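> before I ask anything, here's the sequence and the deposited coordinates:
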Amino acid sequence: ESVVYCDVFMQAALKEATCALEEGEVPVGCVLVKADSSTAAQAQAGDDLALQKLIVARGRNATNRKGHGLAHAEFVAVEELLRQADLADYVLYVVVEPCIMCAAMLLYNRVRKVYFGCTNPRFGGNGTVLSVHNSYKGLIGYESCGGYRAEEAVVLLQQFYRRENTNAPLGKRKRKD
Amino acid sequence: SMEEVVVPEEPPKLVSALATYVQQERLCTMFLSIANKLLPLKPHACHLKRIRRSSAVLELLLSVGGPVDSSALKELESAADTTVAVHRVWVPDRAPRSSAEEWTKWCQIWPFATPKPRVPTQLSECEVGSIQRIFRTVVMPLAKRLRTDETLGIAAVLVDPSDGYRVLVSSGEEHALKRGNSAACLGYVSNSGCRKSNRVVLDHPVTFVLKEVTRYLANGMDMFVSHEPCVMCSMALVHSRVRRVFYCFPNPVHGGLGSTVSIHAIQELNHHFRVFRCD
RNA sequence: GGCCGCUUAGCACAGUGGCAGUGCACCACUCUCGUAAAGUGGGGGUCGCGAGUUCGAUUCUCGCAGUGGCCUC
Ligand SMILES: [Zn+2]
Ligand SMILES: [Zn+2]
């Protein structure tokens, strides 16, 4: 066996950003699927109920309501995975490339592989700056592929600032037309 | 003893260039426009100033990073109505942006078009004493009581400078990292990949603190932090803004302020912040 | 009283006989982890002030107005 991208998992990941977009949180969604479930046999879209029930943990960018400015999607679902119960060998599929924070946390937990659809230059852990295989020990590392469904991953994120903020200082907020 | 942490850089070198001598001012005033029209400065060669006076007398530089153009020099001679002699000079190939002392260090040969770099404030005399008091009061005593052999020994504190450097929140015993676990120990202690991880660690003693002040994001506070934050706590300090970071004993195995990569200096990131060592 | 320095846009500070500048900013604009950030461009000035010198003075020359350091009372 091995791990390959499965379409329905990324569909769930991207449809897990629209719900957070309606809430008004930044549209970044992560889906932790079972380690031995990303196998080619599950590549097809068949058995949608079974495929979306094999999903182990899902998270969104819960920073707006929480108040913790340091809690992206990756840091939430792992908590959910911890709450439902380990060395996080489960594969993680996210819509935007993990930030340096998430790329460090996943390194510390020995993640088997972390796929992402879009690359965010301002805060990118596997893009501009590379924590994919940076740590040198003595054998601690993970991998990450280029991008899948990037167009949706950027449309949802652009639809965020087109609508304005709410909590903001009257002087510091932007009254864009 | 505060040692400011700055991105290392190499001293500039010199590449050949061609100059000349100018006697009268009006000819040079016309020559400025003539050279601007004929030989505009290259983008890599725009970091210099054409105006120059000889040490002994005015001598003017003409061509940067290479020989003069034949037609351009002939037109310059025609404008001067006299022959133009060329003496070789040298011009810098590396542009400094952080040190005023380094900026002046090569000013003897030639000035820089980019002005004196904005010198960061060199703290103050009393704030050093405040830092010493906080070290002898809070962070260092925790690193004393936090570690028996079992807990790691890292403590971080969110100090507020406006109120006389008072501790807003301090990480305690129930926040630190176990030695046996290897998930938390990759960043701070060496060879943590040898042992398996019993648990999953999501928060280090620098992220527990930053999530207890929400009661914007810690913008404008300060963080005394004993051992130097890892790469995760670097984004803790960069998404949740922080004015200054004071690490005492650096982490060679992995660290976002020291060994691995100086996160605070990364250009694409929004919030650039300063880091001071304090041993 | 004396002596030394200093005055430049809303602000903070360069700079020099011939173009009047640079950081913060009243503001505007562009984007992929709120766009409450960061990059980017525009406008903003009696260079105490007067007299003199110079084809030409913020600069040079003198005086005067102001502040600051030391000294004298
Ligand atoms: Zn992240
Ligand atoms: Zn850390």
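Yep, it's here. Residues are numbered from 1 along each chain as shown, chains lettered A, B, ... in the order given. Ligands and ions are numbered 1, 2, ... in the order given.

> who's in contact with the spatially closest residue to residue B:99 that is not a sequence neighbour?
Leaving out its chain neighbours, the residue that sits closest to residue B:99 by CB to CB, 6 or more residues apart in numbering or on different chains is residue B:117, at 6.8 Å. Quick note: C-beta positions are derived from backbone N, CA and C, even for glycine. For residue B:117, the contacting residues are B:96-100, B:103, by CB atoms under 8 Å, 6 or more residues apart in numbering or on different chains.

> what helix or strand does residue B:117 sit in?
Residue B:117 is located outside every helix and strand, with elements delineated by DSSP states H and E.

> from residue A:20, how far out is it?
43 Å (CB to CB, to the nearest Å).

> please apply the same query to residue B:249.
40 Å.

> show me where the chain has helices.
Going with chain A. Taking DSSP state H, the helices of chain A run over residues A:7-23, A:48-53, A:74-84, A:100-108, A:150-162.

> my question was about chain B, not that one.
B:25-38, B:70-80, B:100-105, B:125-134, B:140-145, B:207-210, B:231-239.

> what about the first one, near RNA strand C?
Yes - against RNA strand C, helix B:25-38 shows contacts by CB under 7 Å from any atom of the strand at B:25, B:29.

> nearest residue to whichever residue of chain B sits closest to ligand 1 in space, please, no chain neighbours.
Closest to ligand 1 within chain B is residue B:235: 7.7 Å, counting by CB to the ion. Distance criterion CB to CB, 6+ apart; nearest residue to residue B:235, sequence neighbours excluded, is residue A:101 at 3.5 Å.

> contacting residues around the one you found?
A:70, A:72, A:74-75, A:125, B:232, B:234-236, B:239.

> that older thread, just so I know, which of the helices of chain A lies nearest ligand 1?
Of all the helices of chain A, helix A:100-108 comes closest under CB to the ion, at 3.6 Å.

> now the angle from the closest one to helix B:231-239?
If you take axes from the mean of the first three to the mean of the last three CA atoms, to 10 degrees, helix A:100-108 sits at 170 degrees to helix B:231-239.

> now helix A:100-108 and helix A:74-84, what's the angle there?
Using the same axes, to 10 degrees: helix A:100-108 against helix A:74-84 is 40 degrees.

> contacting residues for the nearest residue to residue A:102 once chain neighbours are set aside?
Of all residues beyond its chain neighbours, the one nearest residue A:102 is residue A:74 (3.8 Å), with distances taken as CB to CB, 6+ apart. Counting by CB under 8 Å, 6+ apart, residue A:74 touches A:30, A:59, A:92, A:94, A:98-99, A:101-102, A:105-106.

> and residue A:74, how far is that from residue B:270?
19 Å.

> break chain B down into its domains, please.
B:2-105, B:125-278 (automatic domain parsing).

> can I get the ones you listed in JSON lines including mean neighbour count?
JSON lines is the format used below for those (neighbours: other CB atoms under 10 Å in any protein chain shown):
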{"stretch": "domain B:2-105", "mean neighbour count": "14"}
{"stretch": "domain B:125-278", "mean neighbour count": "19"}
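
> just to check, residue B:21 is in contact with residue B:57?
Yes - the pair residue B:21 / residue B:57 is scored as a contact, 7.3 Å apart, by CB atoms under 8 Å.

> and the two most separated of the contacts of residue A:101?
Using CB to CB, the pair of these lying farthest apart is A:74 and B:234, separated by 15.7 Å.

> enumerate the residues of the stretch 1-150 of chain B near RNA strand C.
Counting by CB under 7 Å from any atom of the strand, the stretch 1-150 of chain B sits next to RNA strand C at B:25, B:29, B:115-116, B:118.

> other residues contacting stretch A:31-41?
A:1-6, A:9, A:12-13, A:16, A:54-59, A:77-78, A:81, A:89-94, A:112.

> those residues in strands, which ones?
Judged by DSSP state E, the subset of these located in strands is A:55-59, A:91-94.

> what's the closest of these to ligand 1?
residue A:94 (8.1 Å).

> enumerate the positions of stretch A:62-69 that are buried.
A:62-63, A:68-69 (16 or more other CB atoms under 10 Å in any protein chain shown).

> so which of the residues you listed comes closest to residue B:141?
Nearest to residue B:141 among those, with distances taken as CB to CB, is residue A:68, at 27.3 Å.

> right, and the closest one touches residue B:211 too?
Yes - assessed by CB under 8 Å, residue A:68 is found in contact with residue B:211 at 4.8 Å.

> pretty sure residue B:277 sits against residue B:224.
No - look at residue B:277 against residue B:224 with CB under 8 Å: they stay out of range, at 11.7 Å.

> identify the bridge partners of residue A:96.
Per DSSP bridges, the residues bridged to residue A:96 are residue A:118.

> now residue A:149, nearest residue through space, not along the chain?
Nearest one to residue A:149, counting by CB to CB, 6+ apart, is residue A:117 at 4.9 Å.

> how about residue B:225?
Per CB to CB, 6+ apart, closest to residue B:225 is residue B:156, 4.1 Å.

> isn't that neighbour right up against residue B:222?
No - Residue B:156 is beyond contact range of residue B:222, at 11.0 Å (criterion: CB under 8 Å).

> just the CA coordinates for stretch A:154-168, please, in PDB.
This file holds the C-alpha atoms of stretch A:154-168, laid out as PDB (Å, rounded to 0.1, in the frame of the first residue of the first chain):
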ATOM      1  CA  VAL A 154      -7.900  31.300  -4.200                       C
ATOM      2  CA  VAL A 155     -11.500  32.200  -5.100                       C
ATOM      3  CA  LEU A 156     -12.700  31.400  -1.600                       C
ATOM      4  CA  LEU A 157      -9.900  33.300   0.000                       C
ATOM      5  CA  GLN A 158     -10.400  36.400  -2.300                       C
ATOM      6  CA  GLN A 159     -14.100  36.400  -1.500                       C
ATOM      7  CA  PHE A 160     -13.000  37.000   2.100                       C
ATOM      8  CA  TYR A 161     -11.800  40.600   1.800                       C
ATOM      9  CA  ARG A 162     -14.300  41.600  -0.800                       C
ATOM     10  CA  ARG A 163     -16.700  41.600   2.100                       C
ATOM     11  CA  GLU A 164     -15.400  44.000   4.900                       C
ATOM     12  CA  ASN A 165     -14.500  43.200   8.600                       C
ATOM     13  CA  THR A 166     -16.700  44.100  11.500                       C
ATOM     14  CA  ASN A 167     -14.600  44.300  14.600                       C
ATOM     15  CA  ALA A 168     -12.200  47.000  13.600                       C
END
